[PDB]
Amino acid sequence: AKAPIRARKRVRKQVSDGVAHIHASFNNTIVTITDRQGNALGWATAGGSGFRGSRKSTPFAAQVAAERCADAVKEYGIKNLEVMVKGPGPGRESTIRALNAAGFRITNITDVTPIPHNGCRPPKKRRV
Amino acid sequence: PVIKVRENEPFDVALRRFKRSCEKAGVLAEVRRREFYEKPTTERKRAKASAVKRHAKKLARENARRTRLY
Amino acid sequence: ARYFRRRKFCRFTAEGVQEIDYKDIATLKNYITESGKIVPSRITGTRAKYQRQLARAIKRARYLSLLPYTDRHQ
Amino acid sequence: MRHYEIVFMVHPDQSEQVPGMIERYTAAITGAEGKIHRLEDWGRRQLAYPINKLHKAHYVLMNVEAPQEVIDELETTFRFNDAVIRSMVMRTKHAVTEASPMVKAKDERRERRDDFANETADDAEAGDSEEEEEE
RNA sequence: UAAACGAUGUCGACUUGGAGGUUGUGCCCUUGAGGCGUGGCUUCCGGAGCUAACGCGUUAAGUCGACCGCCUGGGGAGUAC
């Protein structure tokens, strides 16, 4: 129930709106909340959810990362969200459902996945 | 490859099929392997090979009737 | 009546659009999505010539920032 | 002759260098019994991704026909112009030099969608209205 | 140098073709990347013929022509000399 409280006054950046960036690999997910002109208001990870290994890169581990980060940024004072996506990695939808469950609208699921003009030769991996 | 193209009426689940038209293919598909220059010319070019199944399939419909499986 | 030669919808069901010009952006966009990339020829059933000169033209155009070169610039 | 469609764009602040070089280039083309079949300036336009800094550049579309020799001194010169950021010169086969597809969009840009500013007065001094310093 | 080839030398004469991909080009609601008229590479399909077998078949592995390259059990040797 309601309490008889003194005035509330604190600032961090009082942003009201943001962008998120999700850099999705095969081993992990990186989810990072930013300011609209583009500056960090917080991050989380699926390794910083402390699953370790391959288990950091599943829909269920993408989910809880998205939720880790979304809680803290309420102190930066954000209320609405947009997302930038960059990768072929797992957690395609299940990371978005969790951003939506922090009470934010997510109308824009924007792919910016950078395609170099056939960049640097990748690690050979197996000898076949 | 959630794909930039926006799905009719926005939702938390991307309608990834209906978004994509030719994306990921060639561009973000050959992950973490040694890139060759000319290999596609003999490796990939199987258009001739798929044209045979499409003729064969158009032949066999008439023939199942002629056998009376139909 | 005889000799119409290309009124409309005749020779081919899909039109060849441009060849080698690259200074208009809308003639190019007939084969470039909003996602920012060129379409495979298999999917349209285009004939190969109009596609081959366009590959060249779309790149001439990309290098002059008449188009976005890469998806990160949407 | 063979037909060479040169289009090029110029950085605004260094643009004052090109208005003296283009008018020597058009004179090297008509001086060899090739032709300038239009010489269209389009004004200043927004680049999608930056080239050689700034997100804007200033466009000139020549519509050249010229002999092969002449094009050998010119390509090396526009490519090593500091005022020019990039140029592209297109093939002889199936080539247009008249009836511009972007003639309406050029007029629209020039008339109404331009910057209208002092750094772009520097660009109108680099289009068809070229003015350049005395040496 | 090798897996230098549809693992098949060269060039040329001769032997039912249809259709796809796609291009010069006569004709056509060029209504059909189609049809017919005639060349073009390229590819599916199969006849006469040939093969140990797969497979080829007008881009031969068919009928032939001339001339060339090259082979004669394996290992040891693509080295020795």
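Cβ coordinates were reconstructed from backbone atoms using ideal geometry, including for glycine residues, and neighbour counts include every protein chain displayed. Any read-out appearing in this document is the output of simple, stated calculations on the displayed coordinates, not a laboratory observation.
Are there trypsin sites (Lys or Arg not before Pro) in chain B that DSSP marks as loop and that have at most 13 other Cβ atoms within 10 Å, and which are they?
Listed in order of number, the matching sites are B:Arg32, B:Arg33, B:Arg34, B:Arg44, B:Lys45, B:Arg46, B:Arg68.
Considering only D:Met62, D:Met21, D:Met90, give the residue with the highest GNM mean-square fluctuation for chain D, with springs between Cα atoms whenever their separation is below 10 Å.
Looking only at D:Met62, D:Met21, D:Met90, the biggest GNM fluctuation is shown by D:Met90.
List the GluC sites (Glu not before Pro) in the range D:1-60 that DSSP assigns to loop (not H, G, I, E or B) and whose Cβ has at most 15 other Cβ atoms within 10 Å. Which are they?
Filter output for the range D:1-60: D:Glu33.
Using unit Cβ charges (K, R positive; D, E negative) and no other charged atoms, how large, in debye to the nearest 20, is the dipole of chain C about its Cα centre?
Around 460 debye, computed over chain C.
Around A:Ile22, which amide H atoms from residues at least 5 apart in sequence, or from another chain, sit under 5 Å from its own amide H, with H modelled in the peptide plane?
A:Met84, A:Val85, A:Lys86
Can you run phi through the Karplus equation (6.51, -1.76, 1.60; θ = phi - 60°) for the range D:34-47 and list ³J(HN,Hα) in whole Hz, with x for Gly and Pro?
Result, rounded to whole Hz: x, 9, 8, 8, 8, 6, 9, 9, 9, x, 6, 9, 7, 3.
In terms of Cα to Cα distance under 24 Å, which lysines are near enough to B:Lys58, apart from those fewer than 8 places away along the same chain?
Counting by Cα, and skipping residues close in sequence, B:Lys58 has these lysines nearby: B:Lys45, B:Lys48.
Using alpha carbon centroids, what distance separates the range A:29-54 and the range D:72-133, in Å?
Here the two parts' Cα centres lie 46 Å apart.
For chain A, build the charge dipole from Cβ charges (+1 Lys, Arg; -1 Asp, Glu) around the Cα centre, then report which of A:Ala46, A:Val73, A:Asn108 sits farthest towards its positive end.
A:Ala46
Which order results if C:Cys10, A:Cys69, A:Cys120, B:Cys22 are arranged by neighbouring Cβ count within 10 Å, fewest first?
Lowest to highest Cβ neighbour count: A:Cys120, C:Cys10, B:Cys22, A:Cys69.
If you place +1 on the Cβ of every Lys and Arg and -1 on the Cβ of every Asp and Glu, how big does the dipole about the Cα centre of chain D come out, in debye to the nearest 20?
Value, rounded to 20: 1060 debye.
Cα axis of helix C:48-62 to longest principal axis of chain C: angle in degrees, 0 to 90, nearest 10?
Compared with the principal axis, the helix lies near 30 degrees.
So what's the angle, to the nearest 10 degrees on a 0 to 90 scale, between helix A:59-72 and the longest Cα principal axis of chain A?
30 degrees
Kindly flag which residue pairs out of A:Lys74/B:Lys4; C:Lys8/C:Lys29; C:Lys37/D:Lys56 have an alpha-carbon separation exceeding 25 Å in this structure.
Violating the 25 Å Cα-Cα cut-off are A:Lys74/B:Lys4.
With the cut-off at 1.5 for a/c, could you classify the range C:19-73 from its C-alpha gyration tensor as rounded, prolate or oblate?
Here the range C:19-73 falls in the oblate category.
What is the helix-to-structure angle for D:18-30, meaning the angle in degrees between its Cα long axis and the longest Cα principal axis of chain D, kept from 0 to 90 and rounded to the nearest 10?
Once rounded, the angle reads 20 degrees.
Sequence gap at least 6, Cα distance under 8 Å: using those rules, report the relative contact order of chain A to the nearest whole percent.
On the way: 240 pairs, mean separation 32.7, N = 128.
Normalised by residue count, the contact order of chain A is 26 percent.
Is the shape of the protein assembly as shown rounded, prolate or oblate, going by the alpha carbon gyration tensor and its root eigenvalues a ≥ b ≥ c, with a/c under 1.5 for rounded and a/b larger than b/c for prolate?
Because a/c hits 1.5 or more and a/b fails to exceed b/c, the protein assembly as shown counts as oblate.
Would you mind working out the magnitude of the charge dipole of the protein assembly as shown relative to its Cα centre, with +1 at each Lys and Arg C-beta and -1 at each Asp and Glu C-beta, to the nearest 20 Debye?
On the way: 82 positive and 53 negative charges, 1069 e Å.
Result for the protein assembly as shown is approximately 5140 debye, rounded to the nearest 20.
What chymotrypsin sites (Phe, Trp or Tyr not before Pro) in the range B:15-69 are in a loop by DSSP, with at most 13 other Cβ atoms within 10 Å of the Cβ? Working shown, then result.
Values: sites: B:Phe18, B:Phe36, B:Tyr37; in loops: B:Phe36, B:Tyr37.
When the chymotrypsin sites (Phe, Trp or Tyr not before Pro) of the range B:15-69 are filtered for loop state and at most 13 Cβ neighbours within 10 Å, B:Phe36, B:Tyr37 remain.
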